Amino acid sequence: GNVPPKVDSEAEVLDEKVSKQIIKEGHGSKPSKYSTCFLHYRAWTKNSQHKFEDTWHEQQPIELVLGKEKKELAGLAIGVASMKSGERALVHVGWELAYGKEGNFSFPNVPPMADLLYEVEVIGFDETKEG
């Protein structure tokens, strides 16, 4: 909708500046490096709780190629890399892995050193880890 889902369970650490809470378990294996991922997501700045991104509202999921993602999605990518297909989770990303020191001027307007929250659901990836 627009409200960042409340989820009490304690997070799993994926990186120094990245952690995750699973909302809905998915299936299949985690994606491999360089995998193409299709996903929906909402993004909120942690300190004002402003929603500056919502792919569900704009009916436009994105294509994220792990290893070639834009810098502002570095943290998100790290979270995605830990998800299964169809999984839905909250991803806490330190600003270092987001819009960094300066933030962003507009579209979107993200304050400097602004930690972010992501509610991401992976539609699926094209290459998965096969033992």
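Each residue number is its position in the shown sequence, starting from 1.
- On average the C-alpha atoms of 66-74 have higher B-factors than those of the other stretch, with 36-44 and 66-74 being the two compared.
- Two stretches are in play, 25-33 and 53-61, and the higher mean C-alpha B-factor belongs to 25-33.
- Annotation for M113: CA B-factor lies in the middle third of the chain's modelled residues.
- The deposited CA B-factor of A11 belongs to the highest third of values across its chain.
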